[PDB]
């Protein structure tokens, strides 16, 4: 059986947030909701559809109609930022089923454009017969970017790794992307480029083998 949730959902503080849980004929089943803050124990917030455990705010409330169940948090606070999973029991397949989870972002600070720094392979690493380009992206908000690497003028996705954005010592976000070459490839092109895209806008830095 399958439960599907929107991957992301954002709201401005004090407003009201809605998280959907898609399952077919899900109104026939009891739906429960857990909240999980990064590096921590999940926590029951709504059970048996609309019921709520004592010890959690009256702001959390539950719906379940036909093909879609809904966790509704009102007067959202900064502390309500977490991941939310819905759950059921499939009597048919003998399975507990969780949904994908929804990361609820509370736009509790000013937007911020990413600052990008691109390092070429150090003489040292090269001397070890490996070449690595390091693209460091920091101080942006919200925490969702896109990286793309170009050689000379044309892209390539062979040998790229990119981290998932992550808060820093100031609630802003930062991510990294490495491009792995062989020293041969490194000095055989005129230049390499890192291209970060953040909410519509695109920054780009470039390095060339020949230089600093």
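Positions refer to the first chain, counted from 1.
Student: Given the B-factors recorded for C-alpha atoms, which segment has the greater mean, 181-189 or 27-35?
Tutor: Between 181-189 and 27-35, it is 181-189 that shows the higher mean C-alpha B-factor.
Student: Name the higher of the two by mean Cα B-factor in the PDB entry, 48-56 versus 139-147.
Tutor: The entry gives the higher C-alpha B-factor average to 48-56.
Student: Highest Cα B-factor in the PDB entry belongs to which of 176, 170, 61, 166?
Tutor: Result of the comparison over 176, 170, 61, 166: 170.
Student: Which one of 87, 117, 127, 132 shows the top CA temperature factor in the record?
Tutor: Among 87, 117, 127, 132, the highest C-alpha B-factor in the entry belongs to 127.
Student: Split into thirds by Cα B-factor across the chain's modelled residues, where does residue 162 land: lowest, middle or highest?
Tutor: Bottom third by C-alpha B-factor.
Student: Select lowest, middle or highest to describe the third in which the CA B-factor of residue 105 falls within its chain in this entry.
Tutor: Within its chain, residue 105 is a highest-third residue by C-alpha B-factor, going by the deposited values.
Student: For residue 12, return the chain-relative third of its C-alpha B-factor as stated in the PDB record: lowest, middle or highest.
Tutor: For residue 12, the deposited C-alpha B-factor lands in the highest third.
Student: Just say lowest, middle or highest third for the CA B-factor of residue 78 relative to the other modelled residues in its chain.
Tutor: CA B-factor rank for residue 78: highest third.
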